[PDB]
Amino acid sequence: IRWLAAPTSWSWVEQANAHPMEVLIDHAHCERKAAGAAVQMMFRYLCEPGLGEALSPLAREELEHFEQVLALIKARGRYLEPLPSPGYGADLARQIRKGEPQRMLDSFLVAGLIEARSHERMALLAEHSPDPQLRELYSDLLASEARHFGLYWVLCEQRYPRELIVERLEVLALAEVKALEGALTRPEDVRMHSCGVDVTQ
């Protein structure tokens, strides 16, 4: 399974290296939002077999990551700030169809795409950050993020015919790329999911 339809632009890596704390603060918010989305999915699908078993530990792990990143934020002299989120999240949310069974499928695939893009960008910072502490943080988070997009795939595969999943993911993956197109307005506007994608392939 290939989740993402295009890689992040080196432009984003440069911007993230220039304003690491804005990325880090946004990242803490992203982990908490991921936990929240998992809990909201569980409420929507209250008694769905297997779902609580899968999403409850995921939400806990996302909260652990939130707490870990928050501790580093404070070790670097800052706190959680209300940095406005990029348009990415809302752009992806808009792709989720109303009505079951399409809604569940779209919800899992959107969550998985967001996780895959976070993993892809964290992998870039793990290698390219000039700060060893940040390389270590981001490296430490990679394995778990890969388990998370893996989980969202498995949740689809358990409930839906495979080609339905593949076809919808292709559509959503192109929307995810469109959601990252554009140029950053100001250096301090960089975020985990701010603009910067290479569409040339």
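When you see a residue number, it is the position in the sequence shown, counting from 1.
(request) State which stretch shows the higher mean Cα B factor in the entry: 119-127 or 67-75. (result) The deposited B-factors put 119-127 ahead on the C-alpha mean.
(request) Using only the Cα atoms and their B-factors as the entry lists them, report which of 109-117 and 77-85 averages higher. (result) Averaging CA B-factors over each stretch, the winner is 77-85.
(message) Just the C-alpha B-factor column, please: which of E145, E176, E61, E53 has the biggest number?
(response) Answer, based on the entry's C-alpha B-factors: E145.
(message) Ranking every modelled residue in this chain by its Cα temperature factor as given in the entry, which third contains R186?
(response) CA B-factor rank for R186: highest third.
(request) Taking the chain's C-alpha temperature factors as the reference, tell me which third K33 falls into: lowest, middle or highest. (result) Middle third - that is where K33 ends up once the chain's C-alpha B-factors are sorted.
(message) What third of the chain does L4 rank in for C-alpha temperature factor, lowest, middle or highest?
(response) For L4, whose C-alpha B-factor we compare with every modelled residue in the chain, the answer is the middle third.
(request) Just say lowest, middle or highest third for the CA B-factor of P49 relative to the other modelled residues in its chain. (result) Middle third, going by the recorded CA B-factors of the chain.
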